[PDB]
């Protein structure tokens, strides 16, 4: 009906013409942010040559989380990760009725549109940028922001939860029924 899908994507870099997706995860909530179901956490395999070309930053952080070794031993291709993720989404959503949500909205949707076209056409074109509410709250209600602390997050699903919790706080403190 009008559920929301939340996704976390890790990539080898920022340029979609050169870089690729290496980890994705999905969580589906409803309109009032109560989670309907948690989706799969897929590590996509990329060629060992592509990983050696990443810059300092992406090599430091992806080796610090253990994603690089997961990619090395993964057998999952991009088309395969798309089907398993889309099979999860299709069970809880209708086509072209669910927007993307998170803090990397434009960054995620670039790689989604290029590397997973069937998933991107099942999603609705709209987005819910949680980051757009934090920048608005800086000017209109700065007193609210002291009462929220983003917590440590190590897994992909915990990254998604911390974004949903951030929007809960804007819902219960910044907005009006």
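Positions refer to the first chain, counted from 1.
A.B. asks: Quick check on the deposited entry: does the C-alpha B-factor of residue 36 sit in the lowest, middle or highest third of its chain?
C.D. replies: Middle third of the chain for residue 36's C-alpha B-factor.
A.B. asks: Ranked by Cα temperature factor within the chain, is residue 146 in the lowest third, the middle third or the highest third?
C.D. replies: According to the entry, residue 146 has a C-alpha B-factor in the chain's highest third.
A.B. asks: Would you mind checking where the Cα B-factor of residue 96 ranks among the modelled residues of its chain, as the lowest, middle or highest third?
C.D. replies: Within its chain, residue 96 is a highest-third residue by C-alpha B-factor, going by the deposited values.
A.B. asks: Of the three thirds of its chain by CA temperature factor, lowest, middle or highest, which one includes residue 165?
C.D. replies: Answer is middle: the recorded C-alpha B-factor places it there.
A.B. asks: Name the third of the chain's ranked CA B-factors that contains residue 64, choosing lowest, middle or highest.
C.D. replies: Middle third by C-alpha B-factor.
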